[PDB]
Amino acid sequence: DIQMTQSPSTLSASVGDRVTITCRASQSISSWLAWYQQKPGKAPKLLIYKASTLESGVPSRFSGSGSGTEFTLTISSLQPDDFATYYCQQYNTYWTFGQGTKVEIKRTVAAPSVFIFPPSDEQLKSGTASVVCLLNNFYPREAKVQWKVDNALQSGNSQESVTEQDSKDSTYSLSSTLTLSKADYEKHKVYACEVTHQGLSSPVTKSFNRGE
Amino acid sequence: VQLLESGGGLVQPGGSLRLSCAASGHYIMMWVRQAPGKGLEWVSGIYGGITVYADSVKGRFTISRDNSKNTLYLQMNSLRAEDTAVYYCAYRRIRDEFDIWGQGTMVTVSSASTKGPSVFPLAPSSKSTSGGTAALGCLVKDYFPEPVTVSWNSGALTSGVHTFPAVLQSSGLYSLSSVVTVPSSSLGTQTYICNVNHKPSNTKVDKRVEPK
Ligand SMILES: [Cl-]
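1. With respect to the overall build of chain B
Phase 1 of the analysis: A tally of regular secondary structure across chain B gives zero helices and 20 strands.
Phase 2 of the analysis: For chain B, the C-alpha radius of gyration of 23 Å lies well beyond 17 Å, the compact-globule estimate for 212 residues.
Phase 3 of the analysis: Oriented by its inertia axes, the alpha-carbon framework of chain B measures out at about 75 × 40 × 30 Å.

Structure, rendered in structure tokens:
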């Protein structure tokens, strides 16, 4: 019953920036609040406990402040090691974690290049059709993909996957895969992926006609 | 202090596992889990030997300790798909360290059997050719368990390559695509081959991706 909410969910920043993450509790937890860092693949690392106490060996650029229902983590000058996800934890009553705040690398806007791939004849012999839409090398991460089949908007028959920020150019790429049975695939002609993103002055659609 | 975890593995729905966390080198001891793509979730604690549980696991998991073995356990019964996660143990001071964390043990709840992936081409055509640049790839579909690896041209092509994180399909098998962007001018000159390896099934596939 003690809900913990962090803000923002994602923060974009540059090396050398001063960064602030907020954590709110649904009822007072006094000073019983901890902050963690977590990197992909690894156990979380404690940074700060009792709201403001720096854990042994943790860099002095991390600091914690606040009490009651509102807490802040401050990183005074961001370093490359600090791009990661951060979690607050209340420990007033058992442990409850906030939802995480991802700190990612800021860069200029870049619109995705969009590509569509029909299913291979080879796969169709399996009885299934996968149609793939690629959004390549874009920033920021927020994007929307809509599938349209003979102009009809689709829902619940697709899955998305996104890369981690590229280590050289700080972009993201995304795949959306529409999956249909062969029989369902053969009912329709026109298959389209419609992409919305900050970098595009209007949505981009890539499409093909089945068999053409 | 070191915490050594074990006991995680693959089990069918409805099955059971016992996790262990052995300490070497007053306490509160916790189990905390992280499902794929999700945040940290506290699940159980032992503080008298007072025990507490999150609502999500109450009635199915049991926390205990053997002081003679310096070992913490988590008995997990009636397992479900949604229990699939990395399980960490953490010790909290009641050294100058406040927390000690284990490295995690992976729990997978699934009735899928080991299965090598299909490998389908994502062929470049006009529908994946924007302003001198073409996209191509391979769809690596319907394998279990993780992971697969993909190379291009046996490691000779690395530039432009994006291999997406796997998605779990509703079938219970994994799927991903690997893509690459190349000069559209290279499409008749240079050959492109994806090399897919799935160690659990001893699968190694080379697929030529031919342009349309
Ligand atoms: Cl939690």
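After that view of the structure, there is still more to cover.
2. Examining the overall build of chain A
Phase 1 of the analysis: What chain A contains, in helices and strands, is two helices and 19 strands.
Phase 2 of the analysis: Taken over C-alpha atoms, the radius of gyration comes to 22 Å for chain A, far larger than the 17 Å a tight globule of 212 residues would show.
Phase 3 of the analysis: By its C-alpha atoms, chain A is 65 × 40 × 30 Å across when sized along the principal axes.
Phase 4 of the analysis: Contacts in chain A between residues at least 24 apart in sequence constitute 58% of all its contacts with a sequence separation of at least 6.

3. Describing the pattern of salt bridges
It is possible for side chains bearing opposite charge to pair when their charged atoms get close.
Residue and element names in this part refer to chain B.
Phase 1 of the analysis: With the rule as written, the count across this model stands at 14 salt bridges over all chains.
Phase 2 of the analysis: Measuring nitrogen to oxygen at the nearest pair gives 4.0 Å for the salt bridge that ties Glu 82 to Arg 80.
Phase 3 of the analysis: Judged by its relative accessible area of 51%, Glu 82 falls in the exposed class.
Phase 4 of the analysis: In this structure, a network of salt bridges that share partners links the residues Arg 33, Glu 41, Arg 60 and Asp 83.

4. Considerations on the state of the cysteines
In a disulfide, the sulfur atoms of two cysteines are held together by a covalent bond.
Residue and element names in this part refer to chain B.
Phase 1 of the analysis: Summed over all chains, the structure comprises four disulfides over all chains.
Phase 2 of the analysis: Between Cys 21 and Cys 89 runs a disulfide, and the two sulfur atoms are separated by 2.1 Å. Between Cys 21 and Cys 89, the S-S dihedral sits near 75°, and the bridge is therefore right-handed. Each member of the pair, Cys 21 together with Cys 89, is buried.
Phase 3 of the analysis: In this model, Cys 138 is linked to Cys 194 through a disulfide, with the two sulfur atoms separated by 2.1 Å.

5. Examining the nonpolar core
General note: in soluble globular proteins, nonpolar side chains tend to be found buried as a group.
Phase 1 of the analysis: In this structure, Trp 95 and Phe 97 of chain A together with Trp 31, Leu 72 and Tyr 87 of chain B are the most contacted members of the largest nonpolar core, which totals 43 residues.
Phase 2 of the analysis: Among the elements that line this core, the one with the most residues is strand β9 (residues 85-93) of chain B, at six residues.
Phase 3 of the analysis: Other than its neighbours up to four places away in sequence, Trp 95 of chain A contacts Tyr 36, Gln 89 and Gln 90 of chain A together with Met 30, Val 32, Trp 42, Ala 90, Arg 92, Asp 99 and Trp 101 of chain B.
Phase 4 of the analysis: By size, the runner-up hydrophobic cluster in this structure holds 25 residues, among which are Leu 11, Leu 33, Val 58 and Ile 75 of chain A.

6. Topic: a nonpolar patch on the surface
Phase 1 of the analysis: Taken together, the side chains of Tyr 94 of chain A together with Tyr 47 and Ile 50 of chain B define a hydrophobic patch exposed on the protein surface, amounting to about 300 Å² of accessible area.
Phase 2 of the analysis: Within the element layout of this structure, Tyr 94 of chain A appears in the loop between β9 (85-90) and β10 (96-97).
Phase 3 of the analysis: Classification of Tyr 94 of chain A as partly exposed rests on a relative accessible area of 38%.

7. So, the sheet that holds strand β13 (residues 128-138) of chain A
The pairing of strands in a sheet happens through backbone hydrogen bonds and is either parallel or antiparallel.
Residue and element names in this part refer to chain A.
Phase 1 of the analysis: Spatially, the four strands line up as an open sheet ordered β12-β13-β17-β16, and their pairing is antiparallel. The sheet terminates laterally at β12 (113-117) and β16 (158-162), the two strands that pair on one side only. The average undirected angle you get between the axes of adjacent strands in this sheet is 15°.
Phase 2 of the analysis: Pairing geometry for β16 and strand β17 (residues 172-181), over five bridges, is antiparallel. Considered in β17, the bridge of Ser 161 is made with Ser 175.

8. Some remarks on the interface of chain B and chain A
Accessible area lost when the parts come together is the quantity often used to give the size of an interface.
Phase 1 of the analysis: Counting from both sides, the interface comprises 47 residues of chain B and, opposite them, 40 residues of chain A.
Phase 2 of the analysis: Per-element tally for the side of chain B that touches chain A: the top contributor is strand β14 (residues 133-143) of chain B, with six residues.
Phase 3 of the analysis: Residue classes in the side of chain B that touches chain A are distributed as 24 nonpolar, 12 polar and 11 charged.

9. Side note on the sheet that holds strand β19 (residues 193-198) of chain B
Residues and elements named next belong to chain B.
Phase 1 of the analysis: If you trace the three strands from one edge of the open sheet to the other, you get β15-β19-β20, paired in antiparallel fashion. Since the sheet does not close on itself, it has two edges, and those belong to β15 (149-152) and β20 (203-208), each with one partner. Shown here is a sheet whose adjacent strand axes are inclined to one another by a mean of 20°, direction ignored.

10. Regarding the domain arrangement of chain A
All names here are of chain A.
Phase 1 of the analysis: Splitting chain A by domain gives domain 1 (1-107) and domain 2 (109-210).
Phase 2 of the analysis: For domain 1 versus domain 2, the separation of C-alpha centres amounts to 35 Å.
Phase 3 of the analysis: Summing both sides of the interface, domain 1 and domain 2 together bury roughly 690 Å²; the carbon and sulfur share of this comes to 35%.
Phase 4 of the analysis: For domain 1, the biggest contributors to the area lost against domain 2 are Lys 102, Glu 104 and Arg 107; these three give 76% of the whole.
Phase 5 of the analysis: Where domain 1 packs against domain 2, one counts one salt bridge.
Phase 6 of the analysis: For the salt bridge of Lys 102 with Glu 164, the shortest nitrogen-to-oxygen distance reads 3.4 Å.

Criteria and thresholds
- Numbering of residues starts from 1 on every chain and follows the written order of that chain's sequence, so it may differ from the entry's own numbering; residues lacking coordinates are omitted.
- Throughout, the order in which chains and ligands are written sets their labels, letters from A for the former and numbers from 1 for the latter.
- Hydrogen atoms and water are omitted, and side-chain values are computed over all heavy atoms in the structure.
- Residues with missing side-chain atoms are left out of burial classes, side-chain pairs and their counts.
- Secondary structure is summarised from DSSP: a helix means a run of H or I of at least four residues, a strand means a run of E of at least two, and numbering begins at the N terminus for each.
- Note on method: radius of gyration uses C-alpha positions; expected globular size equals 2.2 Å times residues raised to 0.38.
- Contacts are assigned to residue pairs that have any heavy atoms within 4.5 Å of one another.
- Between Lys or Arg on one side and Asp or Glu on the other, a salt bridge is scored when a side-chain nitrogen of the former is within 4 Å of a carboxyl oxygen of the latter.
- Each residue is assigned to one of three classes by its accessible area relative to the maximum for its type, calculated with a 1.4 Å probe on protein chains only: buried under 20%, partly exposed between the two thresholds, exposed over 50%.
- Two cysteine sulfur atoms form a disulfide, by the criterion used here, when they sit within 2.5 Å.
- Among the buried residues, those of types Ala, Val, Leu, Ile, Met, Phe, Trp, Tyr and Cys that are joined through side-chain atoms within 4.5 Å form a nonpolar core.
- Patches here: salt-bridge-free residues with over 30% relative accessible area, like charges joined within 9 Å, nonpolar side chains (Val, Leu, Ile, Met, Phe, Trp, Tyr) joined within 5 Å.
- Surface accessibility follows the Shrake-Rupley procedure with a 1.4 Å probe radius. Residue values consider only the protein chains on display as shielding.
- The criterion for strand pairing is that DSSP finds at least two bridges linking the strands in question.
- For helices, the fitted line uses only the C-alpha atoms of the stretch in contact; every axis is such a line through C-alpha atoms, and the angle between N-to-C directions lies from 0 to 180 degrees.
- Throughout this entry, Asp, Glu, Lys and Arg are counted as charged residues, while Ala, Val, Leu, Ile, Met, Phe, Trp, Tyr, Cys and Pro are counted as nonpolar. The remaining residues, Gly among them, count as polar.
- Boundaries of every domain are those given by an automatic assignment or by a domain database.
- For any pair of parts, buried area is found by adding up, for both, the accessible area (1.4 Å probe) each one loses once the two are put together.

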